[PDB]
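Take a look at this single chain in structure tokens; it is the form deposited in one PDB entry.
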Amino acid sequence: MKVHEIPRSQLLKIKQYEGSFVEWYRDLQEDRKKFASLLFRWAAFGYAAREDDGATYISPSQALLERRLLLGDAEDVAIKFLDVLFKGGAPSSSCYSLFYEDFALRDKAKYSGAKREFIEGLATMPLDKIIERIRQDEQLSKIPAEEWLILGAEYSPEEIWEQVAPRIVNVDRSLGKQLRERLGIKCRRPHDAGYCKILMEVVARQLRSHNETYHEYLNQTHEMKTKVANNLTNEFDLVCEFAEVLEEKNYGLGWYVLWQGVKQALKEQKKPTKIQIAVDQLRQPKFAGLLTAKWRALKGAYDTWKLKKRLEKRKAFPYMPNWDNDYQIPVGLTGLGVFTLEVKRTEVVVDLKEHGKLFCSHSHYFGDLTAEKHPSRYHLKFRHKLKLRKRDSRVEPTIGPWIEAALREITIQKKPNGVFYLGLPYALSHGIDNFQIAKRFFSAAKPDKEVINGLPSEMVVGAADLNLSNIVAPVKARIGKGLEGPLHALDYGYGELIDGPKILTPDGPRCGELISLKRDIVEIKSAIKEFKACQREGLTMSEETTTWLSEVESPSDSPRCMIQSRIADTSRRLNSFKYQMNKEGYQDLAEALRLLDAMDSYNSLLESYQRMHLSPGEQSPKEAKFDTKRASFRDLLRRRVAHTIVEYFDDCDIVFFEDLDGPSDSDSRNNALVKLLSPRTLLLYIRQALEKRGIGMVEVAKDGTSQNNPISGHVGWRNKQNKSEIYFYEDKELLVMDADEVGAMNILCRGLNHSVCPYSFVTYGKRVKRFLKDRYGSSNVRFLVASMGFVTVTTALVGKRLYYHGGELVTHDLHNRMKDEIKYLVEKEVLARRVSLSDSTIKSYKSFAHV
């Protein structure tokens, strides 16, 4: 009902409504706001003031003192009510009596089946079984186990229940009624049970969300403080002193600034540098200790200082939440409210008994929808259809497969434009077989034996590489117990390829022009930027820029006029591209990504151009625009990419992906480029789309999955001029391979290996511990260097990278030497040989295999 079901949702537009629906909705929202605000004060939370960006705050003690005045003598009852409501679950399903005026308490506990079977089996149960059964139930725990034994022995179950039922009644079910009579709580409709139930559960949801957020926030602050306090060295003190000195000159620190300043301080300089204040401060005697520090220590000190600066920036408490926006109001079938669903020829009719009827329209998402009524649920059957708004289009209509789901609740919500929407959250049912093998077997370093015994004897698996160009590179294989082949699945057996590595979709013809357009936009931006500077000091623009600007036909020759001619020409081309791609439905995804990049650049060009007249000293801030067209196009592209991958892999069980990193902090130089791929949300969408078809997804370690040889495990050199080719040197021969089919193959190799074989590490964690225990004798070992950089593990080095190439560990230097050897060999234009990874003459894939 909940363990093996997958929830999804979609909306229907409410065309019209009868009865007093709007009054009911408005009353619910107003009471939600009021009582959420009140119960936030009953639970004395600290919070930061919103008006001054959290400079000041209200301590928990002041909130506690104000609560003592607000509640008075009901102080203790409210605390118990709040504890029960915050814990949640079934023991708190009777809190709606805080609002309901006609609430009546039953004086006996419910005769549930779990207690029927307990009482009916008292005769045969020994004392140890009895005490172990009732040590977790708070109702049954009200009676000692020995008394249970005498009751079972001397009395019949029919009279046992009568003797016991009043004794084990839950005494926290009457707390709300105690508060309402004592504080005079009144809601808008105190004689409607469903109204009170819905209101209480919505308010409780909001308060529980804030409770969990608040506690994790207060925990994380202390965690950060302890982590800062555990790392204290001399370099940290020196870096703190250096950072303070720079802030007095309004300069501030950075990793590049510190590193390059230390680099440039040793060498005497003549020409002034971009980082000159830092260099001048670094040449002072009091920072001599920074100039002789080792790189690892300097990096660690910088990291600790960065953590300290982030820690000092946090507020004391989170903001008080804003309750003003509307909530989705849920109504169900066993008590929350009452609704009936009727699918008609042209409408969907939702019947709320005494709050009117809602008439809704049909979707193409819920195509050919039918609903069948069952005792406490609806069975939904529908399909997806193409929406073609053009009446006479040449596209042949398509229809998807059937979908069967279970519906038990509905939601109602109002959009800010004044339209009402009905949400239908349904649940799909699939076997939890594929999702448990992915989480318990393939994500574990050492799976337990009973997991291994339950695995099937055959599997189909896949792997894929995702990039900004040639978006997807997939590979499909089949593994099984008792099979033979090049692929070795750890703890499971062997397997052989089904569909070798390839590139699913190459880039389109229009990708070349969409880069020239962005180059032109950036060049115009530079022209504007230097025109302003030359205007300020009464100089003249350089001849190169004037020659470039004069290439477009213009009605004048002054620079401002030439820059405006260039901007008009550049947007005539962007609009043409947008129109042409929208005409076809955005067939190519790489072209769409390039178009998005060009549009983003053009927006900055316009923003710069609008401020082309400002005078020194005066600032101009950004102006708010209520535009959401870019966010709806960017989202459409991510969903379309997730669909291509899931459509390719529709017959697999497990799919392997590398866990990519999202945009980074200020120290990264290319995080504007990775915001455009935007990888983490793409992975989320891929997981959601695979999960709708009962396919498991695993994320494997990514370091070195683009540098090892899939066949022999040797390192290669990836060309800098062209990133789509990688070169290897084996058997005194030079070989070349595609660097996207190498990534997919290495991802498949690491997935089948549970990511235990490392690419590089420091002289541990579960993966490295298992690798050390299996490849070598034991996990408690030390390392000594030998020969020309090879390492021998013995049962010394500290803090050094060690790489695994070809089955042996090697030191950092030998890895550099091998890559350099390949580089010098290729620089001499030595002809290489093409190797295909889908060859059927390959006898073993040795990449990331330690056994």
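Here, rigid core means the biggest group of C-alpha atoms that superpose within 1.5 Å across both forms. Each residue number is its position in the shown sequence, starting from 1.
The form deposited in another entry is left out here; the points below concern that form.
S.K.: Listing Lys476, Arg770, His754, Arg180 as candidates, which single one shows a C-alpha movement of 2 Å or greater between this form and the one not shown when the core is held fixed?
M.R.: So the residue whose C-alpha moves 2 Å or more is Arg180.
S.K.: Can a Cα shift of no less than 2 Å be assigned to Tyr803 between this form and the one not shown, given superposition on the rigid core?
M.R.: No: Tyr803 shifts by under 2 Å between this form and the one not shown.
S.K.: Superposing on the rigid core, do we see a C-alpha displacement of 2 Å or more at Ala204 between this form and the one not shown?
M.R.: Yes, the C-alpha moves 2 Å or more.
S.K.: Taking 2 Å as the cut-off, check whether the CA of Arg345 shifts that much or more between this form and the one not shown after a rigid core fit.
M.R.: Shift of 2 Å or more: no.
S.K.: Out of closer and farther, which fits the Cα atoms of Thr811 and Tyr256 in that other deposited form compared with this form, where the change is 3 Å or more?
M.R.: Compared with this form, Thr811 and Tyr256 lie farther apart in that other deposited form.
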